[PDB]
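Taking it in order: structure first as structure tokens, then the write-up.
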Amino acid sequence: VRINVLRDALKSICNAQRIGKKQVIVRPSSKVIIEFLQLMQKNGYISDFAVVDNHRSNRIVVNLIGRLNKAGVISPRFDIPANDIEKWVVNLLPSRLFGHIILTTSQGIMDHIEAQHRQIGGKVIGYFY
Amino acid sequence: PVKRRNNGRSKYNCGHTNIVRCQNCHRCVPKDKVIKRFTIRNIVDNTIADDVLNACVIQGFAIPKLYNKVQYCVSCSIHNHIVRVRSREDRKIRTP
Amino acid sequence: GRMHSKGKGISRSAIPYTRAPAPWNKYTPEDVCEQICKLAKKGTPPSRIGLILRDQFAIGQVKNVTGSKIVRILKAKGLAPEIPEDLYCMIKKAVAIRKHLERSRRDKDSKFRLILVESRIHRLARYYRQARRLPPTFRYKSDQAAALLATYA
Amino acid sequence: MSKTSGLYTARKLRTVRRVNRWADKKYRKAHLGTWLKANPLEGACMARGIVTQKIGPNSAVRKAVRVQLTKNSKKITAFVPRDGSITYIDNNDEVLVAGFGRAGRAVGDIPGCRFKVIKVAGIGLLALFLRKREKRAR
Amino acid sequence: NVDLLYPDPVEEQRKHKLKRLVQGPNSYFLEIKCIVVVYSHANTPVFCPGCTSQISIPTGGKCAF
RNA sequence: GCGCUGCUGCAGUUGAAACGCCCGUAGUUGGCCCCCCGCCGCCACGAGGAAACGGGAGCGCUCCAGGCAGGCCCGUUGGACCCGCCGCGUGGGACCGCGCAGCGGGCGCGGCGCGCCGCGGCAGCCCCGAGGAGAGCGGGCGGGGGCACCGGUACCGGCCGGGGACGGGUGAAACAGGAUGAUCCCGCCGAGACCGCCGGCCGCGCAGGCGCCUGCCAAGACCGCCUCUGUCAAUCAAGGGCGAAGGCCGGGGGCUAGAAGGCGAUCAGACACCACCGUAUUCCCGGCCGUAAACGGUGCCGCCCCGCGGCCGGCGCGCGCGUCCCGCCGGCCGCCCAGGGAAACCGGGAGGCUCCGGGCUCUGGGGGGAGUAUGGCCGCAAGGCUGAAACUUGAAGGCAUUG
Ligand SMILES: CC[C@H]1CN2CCc3cc(OC)c(OC)cc3[C@@H]2C[C@@H]1C[C@H]1NCCc2cc(OC)c(OC)cc21
Ligand SMILES: [Mg+2]
Ligand SMILES: [Mg+2]
Ligand SMILES: [Mg+2]
Ligand SMILES: [Mg+2]
Ligand SMILES: [Mg+2]
Ligand SMILES: [Mg+2]
Ligand SMILES: [Mg+2]
Ligand SMILES: [Mg+2]
Ligand SMILES: [Mg+2]
Ligand SMILES: [Mg+2]
Ligand SMILES: [Zn+2]
């Protein structure tokens with residue numbers, strides 16, 4: 001059965017980008033997907049998207065502009081100490097200069113740089129670059 | 001390794017198929033793996049048909065035929081030149 | 001056909017986006033409200049009631065008009081059955097299989113189907129026992145199924 | 001996917017590893033206990049014993065000896081490597097016997113030999129083969 | 001030239017009602033004169049006032065009269 | 001070293017390895033939605049509690065391994081600080097999962113209760129209805145199942161009649177049949193098996209498997225639907241059921257073929273291949289056994305995915321109405337761009353994976369010894385499930401290239 005909506009959405013997006021399309025559809029419209037897409041948009045990877053209501057798990061449309069190379073999830077949400085982030089950074093991202101790791105905290109959804117600035121930790125959702 | 005995608009038979013959407021017997025050795029073979037040819041021929045061969053017609057009395061008498069189905073196993077078909085061993089590229093051709 | 005088989009089709013019904021009634025509607029919820037009683041008084045299952053309403057009376061969806069579903073109406077009027085309809089039909093099919101089997105006892109597909117039906121019955125009955133829709137004492141047994149069918153029907 | 005990955009599944013992982021780690025030949029031989037009992041050296045670096053008889057694609061016969069361990073009373077064969085050391089060993093002489101490079105297994109072309117002779121009458125074989133010391137006391 | 005936010009209304013009619021961008025019925029109501037509205041996919045018998053009997057012929061999909 | 005124990009981070013078509021299949025309990029995993037209340041986890045801070053070791057500030061034991069010293073006019077000279085917690089407190093409150101049982105006022109004491117009072121104060125008291133699941137209606141579809149009934153030639157045996165010398169069988173022969181009239185032709189009688197040419201990159205079934213006529217009984221997937229419920233789901237130790245052929249127990253029946261056995265050839269030998277006779281068995285009923293190259297040698301559920309084509313079932317659209325062509329769902333197949341792989345090859349994944357995390361279960365760790373011994377359980381038995389060690393050994397294997 002369907003479980004991780006975010007994983008299916010990200011996989012569809014990456015497959016569409018690989019053949020250089022411009023528009024995609026994603027059945028689920030969860031809040032977590034919305035925040036993930038908001039962070040992607042603000043950082044400049046996917047530009048625009050819209051949510052299409054239907055009373056039955058609304059659909060969402062997104063636009064592509066290249067740039068994005070990879071994006072995934074971590075299926076069991078680990079717990080990330082505020083001081084234990086460099087190991088995950090090195091293990092997951094290609095370089096320390098660019099890339100964004102998404103953590104969900106008591107202060108909301110943010111990136112590993114922001115949490116490192118506030119010296120707090122939490123749970124990890126995914127990554128992209 | 002695998003030599004043929006069909007595994008040497010025509011078996012789709014089933015588990016078991018009825019069996020038959022080879023006509024020259026009487027071996028038991030699955031119906032989807034045996035080699036089949038349909039033939040139609042005259043009872044009297046072609047050289048004596050004219051003599052048969054001249055000796056016949058009925059006017060417009062038509063020579064009756066023979067309708068038979070021959071079934072052979074893999075070993076006997078090869079030994080009697082019913083099929084030929086083909087090259088690796090030519091195994092994928094499916095015309096008569 | 002998924003829970004106890006291998007097929008997977010997708011034949012369903014897609015209700016409209018808009019919840020409003022038709023612009024040719026001429027019935028206040030009362031008219032539908034008493035109509036349900038009359039069909040209920042004749043021992044009609046809710047599904048057949050919905051089909052009758054949709055066909056003869058041209059009412060696609062009852063909730064769009066009365067603001068409530070059929071079984072909720074029946075319960076508020078104190079006419080809803082003690083056993084939910086789906087479980088009752090399950091038990092009917094089980095009984096029919098059992099009778100056909102008592103007639104002749106060399107058919108095995110029938111036993112296989114009976115096993116599946118009993119499994120489904122047990123699952124659904126447990127779920128209904130939870131949610132307090134049935135008494136905790138309620139229990140399905142092979143040998144006195146027909147009695148519980150007829151007495152509670 | 002194939003393996004369990006839920007957040008509440010450490011017990012199963014521990015049990016699976018505990019069960020499956022017994023499949024390795026090395027781990028079995030080291031942690032099972034059979035080899036330790038079956039090894040006439042009982043986990044010791046080397047043993048002290050008493051010799052009782054001298055015997056010996058390549059076709060060269062290798063010189064060895066039959067020995068009985070003082071503390072164990074079981075019999076084994078240990079092979080005297082260095083040239084001319086057969087004469088340096090005499091019947092019924094106390095010896096110290098160690099192992100070859102490969103623990104347990106045979107080494108080289110020698111069939112049925114898994115030990116070495118390194119001392120006789122308390123003198124290192126190497127110290128005697130190079131004439132550093134002498135066995136005039138025996 | 002083509003955008004998924006505003007699908008061609010005709011191109012969408014050739015698709016399955018559930019894979020559409022919005023799910024909707026494939027059925028409707030129509031008027032018949034023997035003045036009475038009837039469901040397009042009728043399956044149960046239907047009766048009309050002056051009529052002495054049924055006037056529907058149920059089928060797998062759309063009814064016939 | 002070793003990503004050869006793999007949480008990070010192995011492999012499971014062919015190298016070692018997906019239980020024969022289904023149901024199913026513990027166990028694990030569970031779609032979307034409510035803006036602030038309580039609780040669990042979670043994160044941060046803090047308290048409290050031994051040092052040494054370890055980290056670490058400063059000091060030139062001649063350096064150093066070390067030690068906590070030491071200088072003059074020393075912070076009160078200094079020896080700071082951190083590190084062994086599944087418990088305690090504060091805050092956050094995104095994520096993770098639970099909250100069935102009206103509220104507001106007066107009697108009513110400071111509060112909280114247990115009750116009595118206007119409903120006269122409240123919008124009093126149901127998210128939606130998941131290309132999740134189940135139930136329901138209509139439609140046809142199919143070698144799907146069980147019960148009784150039933151036709152047809154053909155093998156075999158017997159009989160009436162005719163006729164007159166060989167017949168059978170093989171690579172070639174020879175054993176068995178023939179003046180007791182064989183082989184051959186025709187007709188009749190008996191019994192028991194079987195269901196052909198149509199018959200298929202057709203179809204049905206959980207799998208094993210499924211094909212005469214007639215009739216009866218229940219069942220099932222799919223399609224169509226603005227019909228009902230509202231999460232009822234996925235996968236699974238233990239447990240339960242089905243399960244080719246052969247085999248076993250007890251009864252029936254007794255034509256074909258045919259283990260064992262016998263006999264003739266062939267051979268150096270041939271107790272085997274070939275010829276002939278022939279017992280159990282093959283058929284039915286009731287009950288055991290529970291194994292197969294039980295194979296797609298590829299576990300189940302779920303999402304995205306280049307293009308072309310064939311067939312099956314149902315539905316809809318359009319027209320010039322043909323069983324036309326344009327689509328949708330589901331199923332069975334062929335070729336193939338990317339991509340992947342040791343390659344053969346897969347491409348309706350063996351793709352989206354060293355850029356190495358969707359959920360559940362099972363199996364494997366060089367080759368032999370060995371699926372052996374010893375125990376346990378099941379079985380009338382044959383045997384099945386479970387399942388070592390000592391010892392030995394340097395290669396055994398996979399795909400492909402040239403001869
Ligand atoms: C060494 C034994 C084989 C020889 N013999 C006797 C002589 C002979 C003569 C033949 O005609 C020339 C003949 O027909 C081919 C067979 C024989 C037998 C056959 C023996 C071998 C047998 N098994 C292996 C091969 C073979 C092939 C055959 O060709 C089809 C055959 O004929 C039936 C018999 C055999
Ligand atoms: Mg080969
Ligand atoms: Mg098979
Ligand atoms: Mg299931
Ligand atoms: Mg589905
Ligand atoms: Mg293998
Ligand atoms: Mg049998
Ligand atoms: Mg297998
Ligand atoms: Mg991996
Ligand atoms: Mg390995
Ligand atoms: Mg091994
Ligand atoms: Zn043949």
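Simple scheme: letters A, B, ... for chains in structure tokens order, numbers from 1 for residues in each chain, numbers from 1 for ligands in the order shown.
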
Enumerate as an mmCIF file with C-alpha atoms, in the first residue's frame the residues belonging to chain E that approach chain A to within 12 Å, with only C-alpha atoms taken into account.
```cif
data_model
loop_
_atom_site.group_PDB
_atom_site.id
_atom_site.type_symbol
_atom_site.label_atom_id
_atom_site.label_comp_id
_atom_site.auth_asym_id
_atom_site.auth_seq_id
_atom_site.Cartn_x
_atom_site.Cartn_y
_atom_site.Cartn_z
ATOM 1 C CA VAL E 2 0.040 22.666 -24.387
ATOM 2 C CA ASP E 3 -0.350 23.131 -20.625
ATOM 3 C CA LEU E 4 -1.694 20.662 -18.059
ATOM 4 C CA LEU E 5 -3.440 23.286 -15.917
ATOM 5 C CA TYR E 6 -6.059 23.934 -18.633
ATOM 6 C CA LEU E 18 -10.605 8.887 -12.342
ATOM 7 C CA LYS E 19 -7.339 9.811 -14.072
ATOM 8 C CA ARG E 20 -8.834 13.175 -15.061
ATOM 9 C CA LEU E 21 -7.514 16.280 -13.338
ATOM 10 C CA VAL E 22 -10.913 16.381 -11.611
ATOM 11 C CA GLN E 23 -12.992 13.250 -11.060
ATOM 12 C CA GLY E 24 -16.554 13.451 -12.320
#
```

Can you tell me which residues surround residue 133 in chain C at a distance of at most 9 Å, considering only C-alpha atoms (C1' of nucleotides), apart from same-chain residues fewer than 4 positions away, and format the answer as an mmCIF file with N, CA and C atoms, in the first residue's frame?
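Output file out38.cif follows:
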```cif
data_model
loop_
_atom_site.group_PDB
_atom_site.id
_atom_site.type_symbol
_atom_site.label_atom_id
_atom_site.label_comp_id
_atom_site.auth_asym_id
_atom_site.auth_seq_id
_atom_site.Cartn_x
_atom_site.Cartn_y
_atom_site.Cartn_z
ATOM 1 N N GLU C 82 -30.255 -4.356 13.514
ATOM 2 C CA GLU C 82 -29.251 -4.603 14.542
ATOM 3 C C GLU C 82 -27.931 -5.057 13.926
ATOM 4 N N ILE C 83 -27.986 -5.850 12.859
ATOM 5 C CA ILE C 83 -26.795 -6.310 12.152
ATOM 6 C C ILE C 83 -26.600 -5.433 10.921
ATOM 7 N N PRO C 84 -25.408 -4.886 10.686
ATOM 8 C CA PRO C 84 -25.169 -4.168 9.432
ATOM 9 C C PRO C 84 -25.379 -5.078 8.232
ATOM 10 N N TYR C 128 -16.523 -4.565 14.023
ATOM 11 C CA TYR C 128 -17.798 -4.026 14.486
ATOM 12 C C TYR C 128 -17.961 -4.175 15.994
ATOM 13 N N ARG C 129 -17.460 -5.269 16.569
ATOM 14 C CA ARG C 129 -17.464 -5.397 18.021
ATOM 15 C C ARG C 129 -16.713 -4.243 18.654
#
```

Output the neighbourhood of ligand 12 as JSON, numbers by chain, that is, all protein and nucleic acid residues with some atom at most 9 Å from the ligand, counting only C-alpha atoms (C1' of nucleotides) and all ligand atoms.
{"B": [21, 22, 23, 24, 25, 26, 27, 71, 72, 73, 75, 76, 77]}

List the spatial neighbours of residue 371 in chain F as a ChimeraX atom specification - criterion: any atom at most 12 Å away, only C-alpha atoms (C1' of nucleotides), same-chain residues fewer than 4 positions off excluded.
/F:386-388

At a cut-off of 10 Å, which residues of chain D touch chain F? Count only C-alpha atoms (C1' of nucleotides) and give the answer as an NGL selection string.
:D and (1-10 or 12-13 or 17-18 or 20-25 or 34-35 or 38 or 105)

Export N, CA and C atoms of the chosen residues as a compact mmCIF listing (two decimals), in the first residue's frame?
```txt
# COMPACT_ATOMS: atom_id res chain seq x y z
N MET D 1 12.95 -2.71 2.34
CA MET D 1 12.97 -3.59 1.14
C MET D 1 13.13 -5.04 1.59
N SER D 2 14.31 -5.63 1.35
CA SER D 2 14.56 -6.98 1.82
C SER D 2 14.71 -7.00 3.34
N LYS D 3 15.52 -6.10 3.88
CA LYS D 3 15.79 -6.06 5.31
C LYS D 3 14.77 -5.19 6.02
N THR D 4 14.65 -5.41 7.32
CA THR D 4 13.75 -4.60 8.13
C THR D 4 14.37 -3.23 8.37
N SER D 5 13.51 -2.21 8.40
CA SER D 5 14.00 -0.84 8.51
C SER D 5 13.09 0.04 9.35
N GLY D 6 12.13 -0.55 10.06
CA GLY D 6 11.26 0.24 10.90
C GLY D 6 11.99 0.79 12.11
N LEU D 7 11.38 1.81 12.71
CA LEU D 7 11.99 2.50 13.84
C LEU D 7 11.94 1.68 15.13
N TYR D 8 11.15 0.61 15.17
CA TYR D 8 11.03 -0.21 16.37
C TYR D 8 11.35 -1.66 16.05
N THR D 9 12.55 -1.91 15.54
CA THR D 9 12.91 -3.22 14.99
C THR D 9 14.37 -3.57 15.27
N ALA D 10 14.90 -3.11 16.41
CA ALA D 10 16.29 -3.42 16.74
C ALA D 10 16.43 -4.85 17.25
N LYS D 12 14.85 -7.60 16.27
CA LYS D 12 14.94 -8.52 15.16
C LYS D 12 16.32 -8.46 14.51
N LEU D 13 16.86 -7.25 14.34
CA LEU D 13 18.18 -7.11 13.75
C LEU D 13 19.25 -7.79 14.60
N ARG D 17 21.46 -11.04 13.29
CA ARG D 17 22.92 -11.05 13.26
C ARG D 17 23.47 -12.16 14.15
N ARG D 18 22.89 -12.33 15.34
CA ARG D 18 23.35 -13.38 16.24
C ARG D 18 23.24 -14.75 15.58
N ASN D 20 22.99 -15.43 12.22
CA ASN D 20 23.69 -15.57 10.94
C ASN D 20 25.20 -15.50 11.08
N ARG D 21 25.72 -14.93 12.17
CA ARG D 21 27.16 -14.81 12.29
C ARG D 21 27.85 -16.13 12.58
N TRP D 22 27.10 -17.20 12.79
CA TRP D 22 27.68 -18.51 13.02
C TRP D 22 28.01 -19.25 11.73
N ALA D 23 27.72 -18.65 10.58
CA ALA D 23 27.97 -19.29 9.29
C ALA D 23 29.42 -19.18 8.84
N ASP D 24 30.21 -18.30 9.45
CA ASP D 24 31.58 -18.10 9.02
C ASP D 24 32.47 -19.19 9.60
N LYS D 25 33.30 -19.79 8.74
CA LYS D 25 34.17 -20.87 9.18
C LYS D 25 35.14 -20.39 10.25
N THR D 34 34.89 -26.51 19.75
CA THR D 34 35.32 -27.83 19.30
C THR D 34 36.82 -27.87 19.05
N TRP D 35 37.36 -26.87 18.36
CA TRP D 35 38.77 -26.88 18.01
C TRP D 35 39.65 -26.84 19.26
N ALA D 38 39.79 -30.21 20.61
CA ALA D 38 40.43 -31.13 19.68
C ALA D 38 41.88 -30.77 19.38
N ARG D 105 46.02 -25.88 9.98
CA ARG D 105 46.18 -26.52 8.69
C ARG D 105 47.62 -26.95 8.46
```

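Each of F:165, F:133, F:270, F:204 was compared to ligand 5 using only C-alpha atoms (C1' of nucleotides) and all ligand atoms, and F:133 turns out to be the nearest.
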
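With the cut-off set to 12 Å and only C-alpha atoms (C1' of nucleotides) and all ligand atoms counted, the residues surrounding ligand 4 are residues 1 of chain A; 1, 2, 3, 4, 5, 6, 116, 119, 120 and 123 of chain C; 22, 23, 24, 133, 233, 234, 235, 236, 300, 301 and 360 of chain F.
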
Just write the chosen residues, C-alpha atoms (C1' of nucleotides), as a PDB file, in the first residue's frame.
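For reference, out_10.pdb as written:
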```
ATOM      1  CA  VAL A   1       0.000   0.000   0.000  1.00  0.00           C
TER       2      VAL A   1
ATOM      3  CA  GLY C   1     -10.798  -8.141  -5.690  1.00  0.00           C
ATOM      4  CA  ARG C   2      -7.657  -7.816  -3.591  1.00  0.00           C
ATOM      5  CA  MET C   3      -7.965  -8.987   0.003  1.00  0.00           C
ATOM      6  CA  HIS C   4      -8.471 -12.684  -0.803  1.00  0.00           C
ATOM      7  CA  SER C   5      -7.613 -12.849  -4.504  1.00  0.00           C
ATOM      8  CA  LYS C   6      -5.002 -11.689  -7.008  1.00  0.00           C
ATOM      9  CA  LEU C 116     -12.288 -17.245   2.712  1.00  0.00           C
ATOM     10  CA  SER C 119     -12.153 -15.302   7.495  1.00  0.00           C
ATOM     11  CA  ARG C 120     -13.730 -12.128   6.119  1.00  0.00           C
ATOM     12  CA  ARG C 123     -12.425  -9.790  10.583  1.00  0.00           C
TER      13      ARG C 123
ATOM     14  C1'   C F  22      -3.532 -20.210   0.118  1.00  0.00           C
ATOM     15  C1'   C F  23      -5.693 -18.631   5.017  1.00  0.00           C
ATOM     16  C1'   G F  24      -3.970 -16.755   9.566  1.00  0.00           C
ATOM     17  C1'   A F 133     -10.830  -1.980   1.234  1.00  0.00           C
ATOM     18  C1'   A F 233      -5.707  -2.357   5.496  1.00  0.00           C
ATOM     19  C1'   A F 234      -0.340  -4.811   3.962  1.00  0.00           C
ATOM     20  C1'   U F 235       2.836  -8.809   5.247  1.00  0.00           C
ATOM     21  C1'   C F 236       3.588 -12.735   8.328  1.00  0.00           C
ATOM     22  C1'   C F 300       3.902 -10.084  -1.697  1.00  0.00           C
ATOM     23  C1'   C F 301       1.853  -4.930  -1.590  1.00  0.00           C
ATOM     24  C1'   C F 360       6.716  -7.193   5.397  1.00  0.00           C
TER      25        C F 360
END
```

Exercise answer, chain F residues close to chain E, 10 Å and only C-alpha atoms (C1' of nucleotides), as number ranges by chain:
F: 131, 137-140, 223-226, 314-317, 326-329
